[PDB]
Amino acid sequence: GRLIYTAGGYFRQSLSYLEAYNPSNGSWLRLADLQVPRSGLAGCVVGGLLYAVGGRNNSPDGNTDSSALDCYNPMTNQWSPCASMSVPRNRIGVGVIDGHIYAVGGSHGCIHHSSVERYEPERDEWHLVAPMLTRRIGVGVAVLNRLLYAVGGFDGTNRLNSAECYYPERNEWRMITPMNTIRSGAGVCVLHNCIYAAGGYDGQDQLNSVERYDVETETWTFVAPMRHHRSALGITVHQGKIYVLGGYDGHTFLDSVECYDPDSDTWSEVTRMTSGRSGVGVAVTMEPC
């Protein structure tokens, strides 16, 4: 029994919610709040533990960018602090390779990071690796065939259609084919042999378009668009289908969750979050307790 966990997010202020959705029965489960509210974080799972990485606490009494790594154990329904990153990273992207967590990009105040660092759970240590060729915040990140991809974002001046790939054994980043669309704050994930980029902000509008990169052919192709335009959406894959959660459509903070079936190239509404929000962290692991 595997669940889609959504951590944090933003509506009026940064949120502390941890809620888990069960696609087998449509149920939502409210779980232990984050110790610190945060939006613009990323979520990921290593060894059945859920991790919340980076973000920012937008609060009535201040805005604090987060370098925090916090671990959630579903067996205990408890959050524990882990080692903090070298720098705060708001609107971060993360990916997991070989049990290690890679933190990519993000902002610290007006600083837009190209820097990248790697967490080793068995030592509770972060270490910096080679930086990206481009500064990227609102960057989408995914892992395919043990290579790490950084897609889109904002470099401080322009929103980006560019993307690049990290080769761990060479500690080296290389540009890949750019997307067909400029996207900041897109949902980026992997399904089969393709990197998907859904939604985001192109500098003028929130997008509903979706495109995917075939690593073998090195081309981006559009698929069916989402039913809702959305930036700052959460995304994950669960049993061969993409789920997108919430985001901002220029008018509302969405509670809509949509599901993409790649066999039929269609999106359907599958549930609503308990409240509209953007900038969530999302990951999949076992059900709690």
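Residues carry their position along the shown sequence, with the first being 1.
Checked against the record, the higher mean CA B factor of 117-125 and 137-145 lies with 117-125. When the mean C-alpha temperature factors of 17-25 and 275-283 are read from the deposited coordinates, 17-25 comes out higher. Reading the B-factor column for the CA atoms of 49, 41, 245, 69 in the entry, the top value corresponds to 49. Taking the deposited Cα B-factors for 75, 190, 92, 210, the highest one is held by 75. The deposited CA B-factor of residue 169 belongs to the middle third of values across its chain. Among the modelled residues of its chain, residue 107 has a C-alpha B-factor that falls in the lowest third according to the deposited record. Annotation for residue 199: C-alpha temperature factor in the lowest third relative to the rest of the modelled chain, per the entry. Per-chain ranking of the deposited C-alpha B factor places residue 225 in the middle third. Sort the chain's modelled residues by C-alpha temperature factor and residue 32 lands in the highest third, per the entry.
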